[PDB]
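> using only what follows, build the 3D model:
(chains A, B, C, D, E, F, G, H, I, J, K and L)
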Amino acid sequence: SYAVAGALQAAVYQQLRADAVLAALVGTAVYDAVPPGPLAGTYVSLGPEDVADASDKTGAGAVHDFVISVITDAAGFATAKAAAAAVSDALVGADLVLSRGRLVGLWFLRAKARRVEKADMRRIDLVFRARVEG
Amino acid sequence: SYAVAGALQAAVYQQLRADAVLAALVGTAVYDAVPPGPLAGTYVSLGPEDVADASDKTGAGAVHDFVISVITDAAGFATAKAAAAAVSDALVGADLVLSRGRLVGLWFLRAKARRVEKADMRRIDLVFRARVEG
Amino acid sequence: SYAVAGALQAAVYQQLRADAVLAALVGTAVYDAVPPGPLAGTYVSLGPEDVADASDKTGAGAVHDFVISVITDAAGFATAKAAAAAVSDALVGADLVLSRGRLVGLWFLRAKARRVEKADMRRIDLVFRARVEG
Amino acid sequence: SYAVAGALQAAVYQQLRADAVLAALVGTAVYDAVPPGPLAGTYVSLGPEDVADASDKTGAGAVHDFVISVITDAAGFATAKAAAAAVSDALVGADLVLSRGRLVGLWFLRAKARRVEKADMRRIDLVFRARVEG
Amino acid sequence: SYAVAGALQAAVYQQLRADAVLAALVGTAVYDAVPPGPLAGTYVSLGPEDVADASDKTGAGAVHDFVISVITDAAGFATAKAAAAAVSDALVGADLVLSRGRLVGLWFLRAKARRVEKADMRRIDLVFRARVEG
Amino acid sequence: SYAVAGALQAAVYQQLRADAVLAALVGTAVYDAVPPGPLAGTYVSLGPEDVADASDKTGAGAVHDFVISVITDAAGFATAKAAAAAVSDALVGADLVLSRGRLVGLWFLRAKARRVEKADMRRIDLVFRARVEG
Amino acid sequence: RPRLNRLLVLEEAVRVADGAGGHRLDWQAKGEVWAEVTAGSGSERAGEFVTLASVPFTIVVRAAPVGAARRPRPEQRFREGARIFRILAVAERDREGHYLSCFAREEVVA
Amino acid sequence: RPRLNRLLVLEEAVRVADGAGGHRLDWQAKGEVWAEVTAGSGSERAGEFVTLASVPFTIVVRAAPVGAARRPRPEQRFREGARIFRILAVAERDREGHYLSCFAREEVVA
Amino acid sequence: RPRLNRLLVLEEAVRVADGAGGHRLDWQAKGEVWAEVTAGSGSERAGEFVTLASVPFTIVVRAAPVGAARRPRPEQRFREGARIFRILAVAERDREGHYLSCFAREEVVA
Amino acid sequence: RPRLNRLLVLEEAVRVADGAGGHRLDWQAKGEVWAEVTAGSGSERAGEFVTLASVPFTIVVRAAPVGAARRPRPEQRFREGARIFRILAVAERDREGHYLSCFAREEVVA
Amino acid sequence: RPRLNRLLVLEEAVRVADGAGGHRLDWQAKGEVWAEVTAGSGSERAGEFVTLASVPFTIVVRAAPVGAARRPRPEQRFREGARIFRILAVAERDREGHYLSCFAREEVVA
Amino acid sequence: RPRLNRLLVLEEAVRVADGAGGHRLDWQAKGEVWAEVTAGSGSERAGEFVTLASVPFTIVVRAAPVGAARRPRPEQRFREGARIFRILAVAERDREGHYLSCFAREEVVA
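Numbers count the residues shown, from 1 in each chain, chains lettered A, B, ... in the order given. Please see the structure below:
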């Protein structure tokens, strides 16, 4: 998107699947591309960001408002909350390492939670603001 | 959603199904996941919140605007009002106990009321603001 | 919706079907639940409110923006105007009696008027602001 | 809608079909309810108002933003302009007589013009502001 | 729409099909009503205005925001740009002659450009502000 | 769109397909019109601008907010990021040469990134602000 | 060819125009036709605030020239007792032109 | 012609009006009919917050005049044990008028 | 093969262009064709502010080369008395090319 | 009449309620049925972020009274090895009542 | 098997690329095929600002390997005189592979 | 029973995971199947910025157990030369289980 967005999704994927919680609560089912197979059904997904172009005369940066959705096949979605709670416990104030530039603050934004389809699957989006500096 | 959202829906479900009114007006039909069977038809439902990220330098919190819908198969929906009146009598200024952090004020917000489908079923949403502190 | 909404729709239904005009202009066809039969076709309907939560530290109230629609099978909808004129003559500055709390002012708001379907039926919504005090 | 709306559509229908222009440009095809037959095809239509409730402590009034559409089966819609020009020449600053109250100013508002369906028929809405006093 | 709109579309059609550029770039394919035949496929179209009612106590005028679309069957739409560039070169600061009143300034507004259907045809709208004085 | 838009898309197409990166990351698959064949599947597309008419008394200009989308058939869209990163590395502060007038600043704007269809293809729009001077 | 068995009281409304341009309907009765009424697949349909129950009901009557009283125009409705059948369109079912398909609703409020 | 084999307890609700204009339903039982129940293509349907499982179930009973107790109006529902069949519409299936098609749902919450 | 029985007055409008670019139609008559008119399933359709009653009416005439007067172009309309049949498209029904399907509406305001 | 050839392990989940009102499913196995599985027209369907591949799969088993273990309720799912067939609805296929149509998905992520 | 009777001038456009990335089409003619043209149900379709009249026109030609001149690619269009038939897709109609279904429009502006 | 005549090179992509969670596909070839390819009704479909030409192409191969190499999973695609057939779903066409319906696209950019 902006130049940092190649490295940002890579590093927030690496801070995920390293937290001990959400590894005993989701498992290995944290991905962007879905591994085809049986579709385990309590995964998360980390793809849709958008940029709010916060830049400079000398240099330029980006505000990545990336969405991490939590999808859960369970009957209620109290299961999907603690998995999303372990997302938000892992990412606000992250201070991680990027491959192009660095980020300065990984804050938290709106996080809606609803039934996507036939009321069988439950999507909890989690928008995180990622002010990165190129 | 935010870290408190695992405990918030759990505690507002426990303050429901303990009020004496709405137990003689709905019954045991307060849930998130629907118990399959005959579908009694005068239930409520407590799932869709969203967060408005009110946080701090030192610590962080959340504004959960959770929706409690009231669904009713009766011909008119004066039956659905008093069940929703017993929702709102049970929740504004609740001062309940959470498992992760605590809430500081459970206020009241917009509460629309309409016919969802074929004008046979009537949905009364009730948005409550839940400023919780992690 | 809010606690007064059980009594508000009940009392505005009772001030309707007591006005002499709209009793010679609609008849007994003022309802929420439709009486099944032949569908007379020049009815009104009083169900969809929504609340704008005007409350207090000490006590709480509500702003019910309830919609009273006027439906008419006549070819033109000059017939539907005077029935809606007799709605608005009956309700602005009503000062009626409620069963839970009281209202302080039943004002008037937007009132759109259009063809709902196939241009055979004509819907005149009439939004009235009902600031009630619990 | 408001109490004046029974008399307002009646009087703006009577100022129409009395202008000499639009009587030689449309004919007798000014109506709300369509006379069934062959559908002449260069008519106008005067039904959909909405109210913006401009009222008082002592007395009450209304802002009727009524829409007069111009429909035309001609290939181009330069024919529909002069018919709509004869609408607007007939109504801005009208100072007509009502049966319930009076109006104080019949101004002019937005007037969009587009193809409704299959690009065969052309709709020119003409919104007129009618501040009436009950 | 307003009274000038009968003469405005007539005069902006006459300033088109008189520019030397867009006559060697479109041809005779500038119209409102489509001449039926083979549909040449690199036409423009001048019909949908809307009015923003800029008027007076003494006299009245209009702000016609008319849309001139450019449609092109070519594979890319660099062909459609120069035809739209020859539209905008012909109309901003036009100072033309009307039949009802006159215009005072024919400015330029937003001009979006996209694929309408199946990504085979490309529509370049060009909104021009026409402050006319009746 | 505006007069410069014939030359603007031509010059931003020429600065693309000349960068060394995105030539080893996309290839020759940078176009507006799609070359029919096998549809390689990791292309970009540069067509939909819109104008925000920033002009003058003496002279006139345009704000072209052109969209360059990145489409990718890969399973994840980390591949589509670095191709879009090589777009944004090629265009912000471009200072290129136009055929009609010149541009003064080619800045960066919002850049959303999502799954278009069946979640098989991934679209990364990249809106760039192009303040050109005619 | 259709077997006509129902008696449908055809009804046409006179249009008393009001002051605003809208006509007021009366639905005065017209002479009775004979018809067959063939049902379609019916299901309830969302009205305004009414859960109206509708069924398609292709009604077949005999024909007439268009300027005759016996033609059901789509202005008109049928009525068998208290069951009003609206007329959607009339369509000249037969090849030789002896029979007219009508199209109905029977929207009972339910 | 239909082979009637199921016993469906027809049920009509009396409408006790409340103060607000909405009637309260009771679903007191009515006399039992005999019917065939022919299924349609069924699939689950998104309710309010319920993933309701529905099947079309064209039910065929015998007929009566419209002012008789034996007609299922679309107000009413059928019930076979604990399986409530709503009535969408009634449509007079037979040509001679002996049989009525009904239209059902069987919305089980699932 | 189709049995042609109706006389349809084919009508083509001359396009007098106005000053704004829009042509003005006249619908001067053209020579009469013979045709069959086969109805489709008709229902009323929401117009602008008119509840227009439409039926599909596949009309079949004989054929001609495309630069001949006898071809109904989709510019044109048919008219039988006062019943105007618009032409949606013409489609060359026959395999050998003797007959043309047309496609009509008969939108009566109703 | 259907020829039953597949062995489908019927599975019913016990609903351990959590504190928030949502039950937790286990999908403990139930006894095995015999069934035929007839495919429908299948195509991939847009899931959440998954391009789920679905096929209709009308499954036909034998019947039972509604309060019996052998009835597949639409709560339950089938499973043949690792191919889970959800149940959309059950619909009593046979006229005499010997066979039940089920309705499946087989949503493989693909 | 199809009876081929029309002569369709197949046309392929050379793509002269412009400076902006968009190719400019020429529609130079290619060699003529023989084909049958079977119409579909046609109706007018809302274009941009044109009320385009379209008909489906499944065109059947003979086959070739995919790297041959005789295959109509969906890049190309047919043209019989002044009636341009676009090509939507080509689909290999025959089982043995002798015949190709094409898919056309004939969008006349009307 | 299907007559298998085409040679389709079945292809399965190995999923080399990148750092961000997205796998990178290779589409290494797998062993070749024999199949019939039956076309469906095809028309061009709006892609992203491409006017993609698609046809349904129900492909029928022989069967295998689900943990075998010969089953086309919907992960995989077919390829005949340069004509890639995606796989939408696989659905076990035969009653006895000898044949599998696949579902394809052949999206050529056109």
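> interface residues of chain A facing chain L?
Residues of chain A that fall close to chain L, judged by C-beta under 8 Å from any C-beta of the partner chain: A:9, A:10, A:13, A:14, A:30, A:31, A:32, A:33, A:35, A:36, A:46. Where you see a C-beta, it was placed from the backbone N, CA and C, and this is true even at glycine.
> list only buried entries from the residues you listed.
A:9, A:10, A:13, A:30, A:31, A:32, A:33, A:35, A:36, A:46 (16 or more other C-beta atoms under 10 Å in any protein chain shown).
> from those residues, which land in helices?
Among these, the ones falling in helices (DSSP state H) are A:9, A:10, A:13.
> now residue A:64, what are its backbone angles?
With angles defined as degrees, to the nearest 10, residue A:64 sits at phi -90, psi 110.
> bridging residues for it?
residue A:51, residue A:130 (DSSP bridges).
> one more: the one 5 residues further on?
Partner residues in beta bridges with residue A:69, using DSSP bridges, are residue A:45.
> so how far is residue A:121 from it?
Applying C-beta to C-beta, to the nearest Å, the value for residue A:69 to residue A:121 is 11 Å.
> residue A:32 now?
18 Å.
> same question for residue G:38.
In terms of C-beta to C-beta, residue G:38 sits 44 Å off from residue A:121.
> ok, now residue A:25?
Distance from residue A:25 to residue A:121, counting by C-beta to C-beta: 18 Å.
> which residue is the nearest non-sequential neighbour of the residue of chain G found nearest chain C?
Residue nearest to chain C within chain G: residue G:22 (1.0 Å; C-beta to the nearest C-beta). Closest residue to residue G:22 apart from its sequence neighbours, by C-beta to C-beta, 6 or more residues apart in numbering or on different chains: residue C:76 at 1.0 Å.
> that neighbour in helix, strand or coil?
coil (DSSP: H, G, I helix; E, B strand; the rest coil).
> mind listing what it touches?
D:32, D:33, D:47, G:18, G:20, G:21, G:22, G:23, G:24 (C-beta atoms under 8 Å, 6 or more residues apart in numbering or on different chains).
> on that earlier part again, quick one: which of residue A:69 and residue A:121 has more around it?
Between residue A:69 and residue A:121, residue A:69 has the larger neighbour count (other C-beta atoms under 10 Å in any protein chain shown), namely 23 against 18.
> just checking, the more buried one touches residue A:127?
No: with contact defined as C-beta atoms under 8 Å, residue A:69 does not count as touching residue A:127 (10.1 Å).
> circling back to that earlier point, please enumerate the shared neighbours of residue A:69 and residue A:121.
With C-beta under 8 Å, 6+ apart as the test, residue A:69 and residue A:121 both reach residue J:48.
> can I get stretch A:47-63 in PDB? Just the C-alpha atoms.
Coordinates of each C-alpha in stretch A:47-63 appear next as PDB, following Å, rounded to 0.1, in the frame of the first residue of the first chain:
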ATOM      1  CA  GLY A  47      -5.400  -8.900   5.800                       C
ATOM      2  CA  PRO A  48      -7.400  -5.800   5.100                       C
ATOM      3  CA  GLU A  49      -5.500  -2.600   6.000                       C
ATOM      4  CA  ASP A  50      -6.000   0.900   4.700                       C
ATOM      5  CA  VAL A  51      -3.600   3.800   4.800                       C
ATOM      6  CA  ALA A  52      -4.200   7.400   6.100                       C
ATOM      7  CA  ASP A  53      -1.000   8.900   4.500                       C
ATOM      8  CA  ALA A  54       0.500  10.700   7.400                       C
ATOM      9  CA  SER A  55       3.700  12.000   5.800                       C
ATOM     10  CA  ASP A  56       6.300  14.800   5.700                       C
ATOM     11  CA  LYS A  57       8.300  17.200   3.600                       C
ATOM     12  CA  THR A  58      11.400  15.200   4.500                       C
ATOM     13  CA  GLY A  59      10.400  11.600   4.600                       C
ATOM     14  CA  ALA A  60       7.000  10.000   4.600                       C
ATOM     15  CA  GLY A  61       5.000   7.600   6.700                       C
ATOM     16  CA  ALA A  62       1.600   5.800   6.900                       C
ATOM     17  CA  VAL A  63      -1.300   5.200   9.200                       C
END
